[PDB]
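Residue numbers start at 1 and run along the sequence shown. Read the numbers this way: they start at 1 and go in the same order the structure lists the ligands and their atoms.
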Amino acid sequence: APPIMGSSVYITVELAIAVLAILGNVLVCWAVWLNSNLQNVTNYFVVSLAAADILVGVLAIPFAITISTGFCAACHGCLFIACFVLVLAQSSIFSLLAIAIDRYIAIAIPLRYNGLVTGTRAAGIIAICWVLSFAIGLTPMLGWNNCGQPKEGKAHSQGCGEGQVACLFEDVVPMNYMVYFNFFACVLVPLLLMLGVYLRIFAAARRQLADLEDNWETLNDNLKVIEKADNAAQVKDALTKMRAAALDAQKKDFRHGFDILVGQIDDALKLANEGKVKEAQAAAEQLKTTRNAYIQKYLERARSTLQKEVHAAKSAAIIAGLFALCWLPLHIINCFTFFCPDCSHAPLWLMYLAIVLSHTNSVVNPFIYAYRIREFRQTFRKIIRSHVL
Ligand SMILES: CC(C)CCC[C@@H](C)[C@H]1CC[C@H]2[C@@H]3CC=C4C[C@@H](O)CC[C@]4(C)[C@H]3CC[C@]12C
Ligand SMILES: CC(C)CCC[C@@H](C)[C@H]1CC[C@H]2[C@@H]3CC=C4C[C@@H](O)CC[C@]4(C)[C@H]3CC[C@]12C
Ligand SMILES: CC(C)CCC[C@@H](C)[C@H]1CC[C@H]2[C@@H]3CC=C4C[C@@H](O)CC[C@]4(C)[C@H]3CC[C@]12C
Ligand SMILES: CCn1c(=O)c2c(nc(/C=C/c3ccc(O)c(O)c3)n2C)n(CC)c1=O
Ligand SMILES: CCCCCCCC/C=C\CCCCCCCC(=O)O
Ligand code: NA
């Protein structure tokens with residue numbers, strides 16, 4: 001079978017993926033530049049992620065096509081072509097980790113968020129992560145490689161010049177680097193951390209919603225205790241529990257409804273301590289009207305805000321999960337190649353499928369923003385309509 005036939009299918013699919021990765025991710029960068037509502041710290045890591053996916057199409061995919069032919073080259077030039085995609089993958093992992101951490105600070109410590117994370121600190125984090133991605137991804141160029149033990153029967157068979165090798169990924173890149181150092185330490189470990197962070201995000205959002213409902217019930221229940229009461233101290237008990245639940249839900253038109261709320265509680269408590277119970281019970285049914293006009297409005301707005309952040313955290317978790325789905329097959333195949341020297345090597349068509357799948361990850365993110373983030377979707381339309389004209 002002419003190898004150029006099967007090679008044509010692999011090359012054609014890769015070029016198709018490159019065009020889509022470039023187009024969709026250029027659109028993401030254009031949206032963030034145009035719409036000032038999208039220019040926040042979270043979306044700067046989105047742009048950093050988009051830039052890495054753009055470079056997959058412009059450089060990594062052409063590099064992959066080149067190395068599939070086994071052309072003769074100087075071994076260290078082959079190493080750079082083979083290892084550059086590892087830089088872009090490491091950059092993606094760092095950007096995903098930052099987005100998870102940024103979303104956790106937003107829900108856990110919302111008050112200091114705007115003081116903690118700033119636009120100028122995010123840019124410096126992004127630059128540091130990119131430098132580290134080059135260091136991790138190009139570590140084979142520092143000596144941990146197979147350039148010292150060339151396959152010379154292959155180089156002679158392909159007619160390579162002196163000092164050249166047949167440029168093949170598994171011939172120059174050691175598999176102990178790929179498995180122990182790249183997969184376990186630099187990919188799997190950061191992915192598990194992301195898993196734990198998102199676990200803390202959804203647990204903390206659940207507890208906050210429950211606390212709000214508990215205070216809402218604590219307020220309403222102790223109101224009925226007052227109505228159907230008989231002694232002055234019972235009135236005092238129910239009221240004091242309301243004052244605590246009133247201050248533990250305060251964490252300007254809201255401050256009014258809370259200024260009134262704590263005020264009416266204070267009036268009714270003074271009546272009970274003096275002993276006038278009937279006057280206290282009646283000074284309480286006014287607390288009702290306060291809740292049906294101010295408190296319930298706050299409880300709804302706070303509840304609607306929390307759900308908006310959970311939605312935004314769910315969207316980021318889908319992006320991280322799709323990364324794992326597209327990259328794990330290739331990594332798992334490397335484990336079989338490395339750990340089972342008695343097993344037959346995975347066939348070539350499966351290698352190409354796992355490689356293509358890892359490249360598909362650079363296409364999917366712009367579809368997630370359009371489906372799940374309304375501000376992205378509207379901005380997308382505006383660009384397409386005003387430039388398809
Ligand atoms: C800024 C961007 C567009 C520049 C892209 C630079 C790329 C195309 C260059 C930089 C380093 C180059 C490599 C350096 C050394 C060798 C070894 C030689 O025996 C074959 C060519 C090969 C493998 C080169 C291929 C092209 C290469 C990868
Ligand atoms: C990450 C999710 C989608 C799971 C993916 C599992 C894939 C990558 C697994 C499941 C079955 C696996 C195959 C099972 C058996 C063999 C035969 C062996 O001689 C070479 C490896 C090879 C060919 C494995 C390659 C990896 C493989 C295809
Ligand atoms: C969260 C999950 C994805 C963690 C990753 C699981 C990986 C590290 C596990 C799952 C399946 C495992 C493989 C299953 C079977 C064998 C065959 C044996 O002869 C050598 C080890 C080898 C090849 C294992 C290597 C490690 C392996 C690839
Ligand atoms: C994520 C890193 N990474 C890899 O880990 C990888 C790989 N290409 C191979 C393997 C190729 C191959 C194997 C056996 C063959 O007979 C053959 O002809 C080709 N691997 C193991 N790419 C390059 C496209 C890659 O990006
Ligand atoms: C937007 C800029 C894109 C730059 C890349 C342009 C397209 C590159 C396509 C594939 C180049 C493959 C080169 C062939 C390798 C040498 C073949 C061989 O020696 O057998
Ligand atoms: Na990516």
Side-chain angles (χ1 to χ4, degrees), residues 3 6-7 10-11 14 17 21 24-25 28 45-57 59-71 78-96 99 133 137 140 151 154 166-192 194-195 319-366 368:
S7 304
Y10 165 69
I11 290 180
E14 292 270 53
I17 284 159
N25 286 293
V28 171
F45 297 105
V46 161
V47 174
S48 181
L49 190 62
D53 282 331
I54 282 164
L55 295 169
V56 169
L59 289 178
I61 286 174
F63 285 2
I65 293 164
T66 301
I67 199 152
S68 80
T69 73
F71 70 110
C78 183
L79 258 180
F80 182 84
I81 293 263
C83 288
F84 183 65
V85 65
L86 304 170
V87 172
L88 305 174
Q90 205 58 49
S91 180
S92 304
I93 284 144
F94 286 145
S95 280
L96 292 164
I99 288 159
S133 296
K151 285 137 173 326
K154 211 126 74 153
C167 181
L168 292 167
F169 187 97
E170 288 186 28
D171 282 355
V172 296
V173 185
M175 211 59 86
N176 52 17
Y177 166 87
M178 272 321 283
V179 172
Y180 286 136
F181 192 96
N182 193 268
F183 182 41
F184 287 173
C186 296
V187 174
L188 189 54
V189 163
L191 282 184
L192 297 181
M194 267 179 249
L195 174 63
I319 297 287
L322 283 168
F323 183 90
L325 197 70
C326 291
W327 277 98
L328 279 178
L330 184 42
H331 284 306
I332 292 163
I333 288 172
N334 284 344
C335 288
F336 271 85
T337 302
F338 177 65
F339 283 129
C340 187
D342 268 341
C343 298
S344 277
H345 197 289
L348 190 67
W349 69 266
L350 190 57
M351 289 313 292
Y352 285 164
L353 194 57
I355 289 157
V356 155
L357 200 76
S358 87
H359 292 168
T360 310
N361 180 240
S362 299
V363 175
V364 303
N365 293 347
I368 306 297

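Contact detail for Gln90 and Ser133: the closest heavy-atom pair is C-OG, 3.4 Å. Of all non-hydrogen atoms in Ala324 and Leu191, the two that sit nearest each other are CB-CD1, 4.1 Å. Residue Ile17 comes nearest to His359 through the heavy atom pair CG2-O, 3.7 Å, listed as atom of the first residue, atom of the second, then distance.
At the top of the distance list for atom 18 (C) of ligand 3, counting protein heavy atoms only, stands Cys340 CB, 4.6 Å. Atom 27 (C) of ligand 3 has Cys335 CB, 4.8 Å as its closest protein atom, hydrogens excluded (heavy atom only). Protein heavy atom nearest atom 7 (C) of ligand 3, with residue, atom name and distance: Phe183 CE2, 5.0 Å. The protein heavy-atom contact nearest to atom 2 (C) of ligand 3 is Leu188 CD1, 5.0 Å. Ranking the protein heavy atoms by distance from atom 20 (C) of ligand 3 puts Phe339 CB, 3.8 Å first. Protein heavy atom in closest approach to atom 17 (C) of ligand 3: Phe336 CE2, 4.1 Å. If you check which protein heavy atom lies closest to atom 3 (C) of ligand 3, you get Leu328 CD1, 4.2 Å. The protein non-hydrogen atom at the shortest distance from atom 8 (C) of ligand 3 is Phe184 CE2, 4.0 Å.
Put simply, atom 15 (C) of ligand 3 has protein non-hydrogen atoms near it, under 4.0 Å away. The nearest protein heavy atom to atom 24 (C) of ligand 3 is not closer than 4.0 Å.
Under the ring-ring contact (aromatic ring centres under 6.0 Å, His included) criterion, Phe71 pairs with no residue, sequence neighbours left out. Listed by chain and number, the residues in a ring-ring contact (aromatic ring centres under 6.0 Å, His included) with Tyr177 are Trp144, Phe181 (sequence neighbours excluded). Not counting sequence neighbours, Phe339 has no partner by the ring-ring contact (aromatic ring centres under 6.0 Å, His included) test.
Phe84 and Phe63 have perpendicular rings, their planes meeting at more than 60° on a 0 to 90° scale where under 30° would count as parallel.
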Please tabulate, one line per pair, the protein N or O atoms found under 3.5 Å from any N or O atom of ligand 4, giving the distance to one decimal.
residue, atom, partner, partner atom, Å
ligand 4, 5 (O), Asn334, ND2, 3.3

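The N, O or S atom of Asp53 lying closest to the Na ion (ligand 6) is OD1.
In this structure a side-chain-to-backbone donor-acceptor pair under 3.5 Å is present from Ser68 to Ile65. The backbone N or O of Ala50 sits nowhere less than 3.5 Å from a side-chain atom of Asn365 that would complete a donor-acceptor pair. In this structure, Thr66 contributes its side chain and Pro62 its backbone to a donor-acceptor pair below 3.5 Å.
Here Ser7 contributes atom OG and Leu348 contributes atom CG; the two are 8.0 Å apart, rounded to the nearest 0.5 Å.
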